[PDB]
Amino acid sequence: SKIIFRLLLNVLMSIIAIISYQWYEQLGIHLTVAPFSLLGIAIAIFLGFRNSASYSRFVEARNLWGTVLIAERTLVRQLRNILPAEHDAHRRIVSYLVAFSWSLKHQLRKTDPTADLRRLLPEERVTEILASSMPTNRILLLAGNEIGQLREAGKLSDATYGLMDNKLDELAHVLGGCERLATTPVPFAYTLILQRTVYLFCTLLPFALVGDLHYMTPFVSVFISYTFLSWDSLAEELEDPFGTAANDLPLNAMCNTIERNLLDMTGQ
């Protein structure tokens, strides 16, 4: 992993420590364990809480995408149970809903939505969408129109119109939810100080351990350092949920899963 260099720099710090041990008392430098326990504990506490934030936030990102799936399932269902005749409205609204998903993925990944949109929508609509500075939000507007048309067509009463509007309000909360997550990281200060104090602590560690361990310092100073670094490096792997790294959310697969659902619900 990205973790295995500091682990080794640690072994080499154990070794710089073993064969440097006697010029110690000469200088007057002595290093006991006790204050490094007070430190190491206070750091474990702060590590603990921080990781908690990181995990909460990765979970919130998962919830949010989970909701896209639930609302578009519902909204499609409602269209099938209320207007089971109109399949043109069906196919239209479904393509916007699928478009919203891909569009939001692209948005969070800062990639180009254009191919996906052109695959699902008429070119005139793609033009409308990409013209907006907020293309994903503009897709809700369009979906909202199809709904709105059916309403004044008289196919939908204000009641049933409202049932479907509420699902658009949910997609609206996913969109803001995601935008917020993507511009509001766990504050920088956390991951900075923890990263400094944890790294310092791990490299200073075999120095204040050698007096007690002698030769069995590497296999213990490593084991202690693996532990703190495995924990601090779990926050890292949980703080970019919209990424493309292995342990980020599989938004591509999720978008494919969403599209496959709404198509199962409409015969295609």
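Heads up: residue numbers just count along the shown sequence, starting at 1.
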query	finding
Residue range whose averaged C-alpha B-factor is higher in the record, 80-88 or 165-173	80-88
Residue stretch of maximal mean CA temperature factor, 205-213 vs 238-246	205-213
Candidate residues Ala61, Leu47, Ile29, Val68, the one whose C-alpha B factor the record puts highest	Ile29
Options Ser133, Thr127, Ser101, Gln195 - largest CA temperature factor per the record	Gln195
CA B-factor ranking of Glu152, expressed as a third of its chain	highest
Chain-relative CA temperature factor third for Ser52	lowest
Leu251, C-alpha B-factor rank within chain (lowest, middle or highest third)	lowest
Third of chain Cα B-factors occupied by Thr114	lowest
Chain-wide C-alpha B factor ranking for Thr184, given as lowest, middle or highest third	middle
